[PDB]
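Asker: Chains as they are written, first to last, in PDB author numbering: chain D, 141 to 406; chain E, 24 to 283, 296 to 333; chain I, 1 to 76; chain F, 38 to 207, 214 to 218.
Before I ask anything, here is the structure I am working with.
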Amino acid sequence: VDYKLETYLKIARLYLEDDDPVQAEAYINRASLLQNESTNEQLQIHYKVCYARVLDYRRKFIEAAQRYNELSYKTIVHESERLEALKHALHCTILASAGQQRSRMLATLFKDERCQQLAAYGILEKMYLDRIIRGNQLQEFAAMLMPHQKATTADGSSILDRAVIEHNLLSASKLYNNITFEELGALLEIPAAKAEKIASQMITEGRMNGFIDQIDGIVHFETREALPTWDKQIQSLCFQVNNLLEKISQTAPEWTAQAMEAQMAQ
Amino acid sequence: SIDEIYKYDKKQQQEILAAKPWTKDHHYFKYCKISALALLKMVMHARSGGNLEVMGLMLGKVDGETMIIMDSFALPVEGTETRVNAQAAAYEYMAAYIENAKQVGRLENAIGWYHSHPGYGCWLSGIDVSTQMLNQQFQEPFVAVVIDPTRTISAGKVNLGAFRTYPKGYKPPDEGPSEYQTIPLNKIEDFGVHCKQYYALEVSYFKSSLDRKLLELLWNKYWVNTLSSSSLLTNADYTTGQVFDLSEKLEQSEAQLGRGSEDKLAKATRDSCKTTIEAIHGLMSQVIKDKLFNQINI
Amino acid sequence: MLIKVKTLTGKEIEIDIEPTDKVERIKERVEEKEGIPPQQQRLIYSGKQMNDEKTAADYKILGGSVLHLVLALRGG
Amino acid sequence: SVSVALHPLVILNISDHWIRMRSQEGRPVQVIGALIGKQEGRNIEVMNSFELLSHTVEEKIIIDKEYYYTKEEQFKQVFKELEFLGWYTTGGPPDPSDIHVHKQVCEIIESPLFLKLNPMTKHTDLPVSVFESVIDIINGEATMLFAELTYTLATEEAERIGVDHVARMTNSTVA
Ligand SMILES: CC(C)n1nc(C(F)F)cc1C(=O)Nc1ccc([C@H]2[C@@H](O)CCCc3cncn32)c(-c2ccccc2)c1
Ligand SMILES: [Zn+2]
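The following block contains the structure:
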């Protein structure tokens, strides 16, 4: 049973991954129901890999990333293969559609330490921390990416590039009070008209807050009223005072105890 | 010890319940004690209700002449001041929550009900009086608690009132202090009609030793929010509503002056004084903050 | 058969009922025992409000149970 | 690394739970409970907290998932916009029992928090500590440990007034 399963899986994966994936996914889906569910003897370290690869090839990225991350923690599989699985998980998470599960996956990948030595760690850090991803980093990621994963719409605006542009706009929302169309276009490396159209669409759909003054060609983000800003800055100053006092009392304990004792008397 | 009050005596509670002394008297319950956690939960729930009304339930016990409250739990009702109790959703929720809390260690039983009157004082309306009358007629004891989450923010002190009604047909003999409470025009008739059918217990708060230690440790970091409050911005719709109500009351007072309960001008003056004093307090807080922080030019 | 009945406040009533009695019958039994009219009354079993009419044994008499009782105010 | 905002209601809940259990059982005993809050981006805020039911067999603690699910339904009935965040316990530094209970809780949410309150303390600062789970490889072995987070006390007007009134508990107005 196990030998037949291994032979069929190997031959099918080779000749069927040879660029007719529809029959491969159909056969896997049909046979998976009655596979075994309990086989043991290292047979569990190939079914999960094949399942994750199929899920990646069927344009569903977040669940494939979850499977790769789960596989990355297995003690039996070698260090190099675990690192490859983690790299695939990072790529799939980056390429996945935006969502709550994607945000938690990004948080988990950032919390992971082994990602630090990966080639996409910079992009992971920028995506998680809401920074601006530059064109050169995007080009490097595209070069590193496999040809299959580059899903592009026929009219243009490849999915990854559109997601990066929207992320750049949303991250610039956190950095500017108001920005003109020319400077936004220079920041996003797109024409000013396209920048205006994308910003207006994002504002209409509710993803980001702001309003566009077309006569001046300026997009306005949040206002940060003066009195609430005053409240926030007063809170920050008092927090600084508290932290400084804690640092003082954690360095010269006897001196600060003596000073506190004399504080009541004086 | 201070934690002694936290000890629940099943035998003593059963003996007190089976030897009910509140039947012979009518003003038997005169003191109402509330734990710190119960008060905080009540206040936060009433505040998070917003402008609408919310209502929950209260779990406690009785010690002789006083009524002690240990916990409070909200019940959904979808809030929104529905007609009354529930489409049976809350009816199931009360029993479900009490049963679930029984198997954890919350072994106390219900003692009353609380609800919010956001912006129009702390009193029992006609429906509230009927509800409390019905509850006391069958399940005893029971106390009503009314909170004002908006006036709490506006005045800087909690607006909490614990009440208990009188049996049907009983006429209480005078003894009416009747301290002044500002009440809008659209809710004054109910307060006037239903005012002698209930009395207000004297409410006090208590806390445990660990609670006291934790609060005195927490103040060392919580002193910032007092100095960064800015109460003049969080309460503006309330002040606008107060000014509208005051203008209507002034119009009624002028109509009474032109015509031929008593001296509505005095009541309007008291309302205006309260609103203006609150506004000036809010302004002088900001003046103090500016003097402290904006003038210490390096 | 006999089934202590407990309310939210904590009062328990020792009441005598028959296995063949219906929910309305238990309601009027409670009415005679305590005094609550049989419209300001809601019995809840195992976190479930009984649809009156539905007899009782079905639900599940199982002897000494404790049907949870909560008051109501009809309309007013 | 996520910014954490605490609420004094959670601390009051934990302290009352511990005091109640100690008074009921005659001797101090540790308690296990759950937290509730909202996560916005990387900003985690805790608002309320209920208690969980647990059992001990041999030397291991197991949480009743059925009771947890019933309580989850009950609290979703009332607080519609609030969600599960983590668990809280009373004690000192984290222990292998705490690591086991965290592993158990991790089957419910992705990255639950962990709050620890110390009733018996001698320091000057608040004994509340917040941890999060981090999985690492040490000497070729996979172990999940704790990482401490820095929390700030959240601001709310009603909470501030209530806390100040409770702390103070004491003939003009300007006064
Ligand atoms: C203890 C509770 C559950 N209860 N027990 C019994 C009794 F039948 F047993 C009866 C009840 C019970 O829900 N009463 C009640 C009555 C009226 C209101 C509303 C009602 O007028 C609508 C306008 C607002 C209002 C201002 N003042 C009372 N209300 C509420 C209520 C209060 C806050 C939120 C939701 C509902 C509850
Ligand atoms: Zn009311």
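Just so it is clear, CB atoms sit at the ideal spot from N, CA and C, and this is done for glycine as well.
For ligand 2, any of its heavy atoms closer than 7 Å to the Cβ of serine 148(E)?
Answerer: Yes; taking the cut-off as 7 Å, the Cβ of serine 148(E) has a heavy atom of ligand 2 nearer than that.
Asker: DSSP has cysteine 145(E) in a bridge; who is on the other side?
Answerer: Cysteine 145(E) pairs with nothing; no bridge assigned.
Asker: Using beta-carbon positions only, say whether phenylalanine 161(E) and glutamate 34(I) come within less than 8 Å of one another.
Answerer: Contact: yes.
Asker: To which residues does DSSP link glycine 74(F) through a beta bridge?
Answerer: DSSP output for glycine 74(F) lists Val83(F), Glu120(F) as bridge partner(s).
Asker: Going by Cα to Cα distance, which pick from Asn332(E), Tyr245(E), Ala41(E) is closest to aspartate 162(F)?
Answerer: Taking only the C-alpha atoms, the option nearest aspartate 162(F) is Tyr245(E).
Asker: If you count every other CB in all the chains shown that lies within 10 Å of the CB of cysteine 255(D), and 16 or more means buried, which is it?
Answerer: Per the 10 Å Cβ criterion, buried.
Asker: Residues bridged to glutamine 49(I) by DSSP?
Answerer: Per DSSP, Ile44(I).
Asker: With 16 as the cutoff for other CB atoms within 10 Å, does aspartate 196(D) come out buried or exposed?
Answerer: When all chains shown are included, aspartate 196(D) counts as buried.
Asker: Classify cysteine 143(F) as helix, strand or coil using the three-state DSSP reduction.
Answerer: Correct three-state label for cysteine 143(F): coil.
Asker: Near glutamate 131(E), which residues of its chain fall below 8 Å by C-beta distance, leaving aside the five closest residues on each side in sequence?
Answerer: Only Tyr31, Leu82, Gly83, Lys84, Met93, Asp94 meet the Cβ criterion.
Asker: Looking at chain E, is there any beta carbon in it that lies within less than 8 Å of the beta carbon of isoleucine 388(D)?
Answerer: No, no contact with chain E.
Asker: Could you name the residues, in chain order, whose CB is less than 6 Å away from a heavy atom belonging to ligand 4?
Answerer: Ligand 4 is absent from the structure shown, which contains only ligand 1 and ligand 2.
Asker: Between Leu223(D), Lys314(D), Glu306(D), which has its C-alpha nearest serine 340(D)'s C-alpha?
Answerer: The shortest C-alpha separation from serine 340(D) is found at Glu306(D).
Asker: Taking any Cβ of chain F, which residues in the segment 187 to 202 of chain D have a Cβ under 7 Å from it, in chain order?
Answerer: Listed in sequence order: no entries.
Asker: Since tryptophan 136(E) is in the beta strand (DSSP E), which residue starts that stretch and which ends it?
Answerer: Where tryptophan 136(E) is concerned, the enclosing beta strand (DSSP E) stretches over 132 to 139.
Asker: Check the Cβ of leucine 367(D) against every Cβ in chain E and list those closer than 9 Å, keeping chain order.
Answerer: Correct list: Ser253, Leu255, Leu256, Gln321.
Asker: Going by DSSP, what residues sit across from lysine 125(E) in a beta bridge?
Answerer: DSSP lists no partner for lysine 125(E).
Asker: Measure the alpha-carbon distance for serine 148(E) versus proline 207(E) and round it to whole angstroms.
Answerer: Taking the straight line joining both Cα atoms gives about 13 Å.
Asker: Going along chain F in order, which residues have a C-beta closer than 8 Å to the C-beta of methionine 90(E)?
Answerer: Ordered by position in chain F, no residue passes the 8 Å Cβ test against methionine 90(E), which lies about 19 Å from the chain.
Asker: Run down chain I in chain order and give the residues with a C-beta less than 8 Å from the C-beta of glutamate 115(E).
Answerer: The answer, in chain order, is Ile44, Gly47, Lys48, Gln49.
Asker: Please decide whether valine 5(I) counts as near chain E, where near means a Cβ-Cβ distance under 8 Å.
Answerer: It does not; no Cβ of chain E falls within 8 Å.
Asker: Whole-angstrom Cβ separation of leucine 328(D) and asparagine 308(D), contact assumed at under 8 Å?
Answerer: Right, their Cβ atoms sit about 5 Å apart.
Asker: Just the Cα atoms here: how many angstroms apart are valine 41(F) and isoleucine 73(F)?
Answerer: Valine 41(F) and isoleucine 73(F): Cα-Cα distance of roughly 13 Å.
Asker: When the cut-off is 8 Å and only beta carbons count, does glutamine 375(D) lie next to chain E?
Answerer: Yes, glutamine 375(D) lies at the interface with chain E (some Cβ there is under 8 Å from its Cβ).
Asker: Would you call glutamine 330(E) buried or exposed, if buried means 16 or more other Cβ atoms sit within 10 Å of its Cβ?
Answerer: Exposed is the call here.
Asker: With a cut-off of 8 Å, do at least 3 Cβ pairs link the segment 61 to 75 of chain I to the segment 180 to 187 of chain F?
Answerer: In short, these stretches do not touch, since the Cβ pair count stays below three.
Asker: DSSP three-state call for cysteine 218(E): helix, strand or coil?
Answerer: If DSSP states are grouped into helix, strand and coil, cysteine 218(E) belongs with coil.
Asker: Can you tell me whether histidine 140(E) sits near ligand 2, meaning its C-beta is under 7 Å from at least one heavy atom of the ligand?
Answerer: Under cutoff, so the answer is yes.
Asker: For the alpha helix (DSSP H) that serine 296(E) lies in, which residues bound it at each end?
Answerer: Where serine 296(E) is concerned, there is no enclosing alpha helix (DSSP H), given that its DSSP letter is neither H nor E.
Asker: Nearest CA to the CA of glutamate 53(I): which residue from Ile17(I), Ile36(I), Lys27(I), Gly10(I)?
Answerer: When only C-alpha atoms are compared, the closest one is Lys27(I).
Asker: Would a C-beta distance cut-off of 8 Å place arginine 174(E) and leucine 224(E) closer than the cut-off?
Answerer: For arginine 174(E) and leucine 224(E), no; Cβs fall outside 8 Å.
Asker: Would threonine 127(F) pass as a contact of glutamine 67(F) if the rule is Cβ separation under 8 Å?
Answerer: In this structure, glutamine 67(F) lies closer than 8 Å to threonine 127(F) by Cβ.
Asker: For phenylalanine 186(E), list the residues DSSP reports as bridge partners.
Answerer: Paired residues: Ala167(E), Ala223(E).
Asker: Evaluate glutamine 159(E) with the Cβ neighbour count: other Cβ atoms within 10 Å of its Cβ, from every protein chain shown; 16 or more gives buried, anything less gives exposed.
Answerer: Looking at its Cβ environment, which holds 16 or more other Cβ atoms inside 10 Å, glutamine 159(E) is buried.
Asker: If you follow the alpha helix (DSSP H) that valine 47(F) is part of, which residue opens it and which one closes it?
Answerer: Taken as a continuous stretch (DSSP letters only), the alpha helix (DSSP H) holding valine 47(F) covers 45 to 62.
Asker: Can a CB atom of chain F be found closer than 8 Å to the CB of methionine 67(E)?
Answerer: Taking Cβ atoms only, chain F reaches closer than 8 Å to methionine 67(E), which makes this a yes.
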